[PDB]
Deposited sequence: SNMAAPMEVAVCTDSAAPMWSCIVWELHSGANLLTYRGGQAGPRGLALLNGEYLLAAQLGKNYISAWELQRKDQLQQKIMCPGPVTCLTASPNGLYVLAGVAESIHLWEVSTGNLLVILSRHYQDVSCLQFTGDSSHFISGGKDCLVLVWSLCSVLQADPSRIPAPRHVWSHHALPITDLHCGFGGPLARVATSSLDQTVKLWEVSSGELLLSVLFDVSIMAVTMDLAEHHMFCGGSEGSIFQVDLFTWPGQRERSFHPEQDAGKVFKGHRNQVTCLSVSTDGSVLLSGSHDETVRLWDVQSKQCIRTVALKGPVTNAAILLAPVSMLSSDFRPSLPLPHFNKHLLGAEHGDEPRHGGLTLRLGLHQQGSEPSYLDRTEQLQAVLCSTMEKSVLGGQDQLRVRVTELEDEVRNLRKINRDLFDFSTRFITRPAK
């Protein structure tokens, strides 16, 4: 299976987004447009590329096989600070100032606006099964939101209010699963915390000597990778209230704050984007850099992704068009028969039915 790196920068003189193969570094796709903001690049349903614009009040959209953006834009009442999409491709989340806007991809309806943060929303992330989403903010607050409670509410309140962090939240990372998932948070208070979604309890807290700008864990959650403000990536082995410094647990080479961190599917490769205008590939075992990709500005988005069939097929077109996303608060548009894909009768099912017809004809005639 092909793995790719989707990276954006704050300058974007020629391309606003570049996708290249992980193990070769050769560009696979390429998009032109404006400038994506930090934490403001989502990939919707494997067919579209949403990018919240840097300093603007709207979100641009792309088709995976076209370099020019679509005409439709997701306009917002204020500046867009972050943007995420549910892994099932059903909802879109954007942090507009202190509030979170939720859109239905089925209809384009702005379903809810969540206003519980008293400062700007810094980051947004869904759980693997798209049953919860977690929001961080400049108010040092991490909120756990149930999608079932938010969608069915007539104001909604978070499932958990995590206020242990004392400085604004910089990054979040949610593990696989829903209620049984674990969330890692980072903050300017030089601490990274690990939580439980179901109980709402703090499981771990690691203190560093510098502010942590990014955080990620592998799928098996063996390690926690923390990006420092001076260019150091720290590794925390997950096997309470620890502290760092350990010389062999640091990735060295970045000269500026590491704001993006991603791990490969097997966990053997670490992706790091930093403010020194460089995206780097690391070997998790040897802590040595494999590839150093230079960019034209500070990296705003950088992730490792399993390339969808859309990314490989040059003739791909999205199954449904992007709906008109409403700017203000039973008509679902969908394709029928998807639930029964692969349910066609097999050879022995078809053969035995025809043989039964033959036997019935023999008995009757």
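Of the deposited sequence, the ranges 1 to 5, 160 to 162, 248 to 252, 259 to 261, 346 to 356, 393 to 434 have no C-alpha coordinates according to the record.
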